[PDB]
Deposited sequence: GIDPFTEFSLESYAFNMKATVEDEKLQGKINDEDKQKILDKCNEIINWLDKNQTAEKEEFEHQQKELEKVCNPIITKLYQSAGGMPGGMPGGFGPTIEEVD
C-alpha cells in the first residue's frame, strides 16, 4: 500500500539527512552516524525490489529500522543539548 509505504521511505531519507547535518556535529560519533546511514540505505533498497510484499513483511522491516534508530535517537538526547509559549512543550 502506497500511503503506508510512503511514510517508511520518507522516514529513511530524512533520517539520513538528519544525522549528517552540521547542527548535530559533535552530538554523534561517526560509528553511530555510519550505522544509521547503512540501515536506512538497506531499507530503501528493500522497498525498491519488494513491491509485491505483504503487510507483515513490510511491518518487519519497519520494526527493524526503528530497532537501530531509537537507541541512537536516545543518545542524541544524552548529549550536551540535549535535543530541544513554544518553550512550554514536551520534547
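Numbering the deposited sequence from 1, one finds several regions with no C-alpha coordinates, namely 1 to 2, 87 to 94.
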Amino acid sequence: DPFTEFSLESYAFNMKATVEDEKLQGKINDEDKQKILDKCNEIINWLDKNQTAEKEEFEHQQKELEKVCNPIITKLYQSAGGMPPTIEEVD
From here on, numbers count along this sequence of modelled residues.
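With 62 to 70 and 48 to 56 compared on mean CA B-factor from the PDB entry, the stretch scoring higher is 48 to 56. Between 21 to 29 and 72 to 80, it is 21 to 29 that carries the larger average Cα temperature factor according to the deposited entry.
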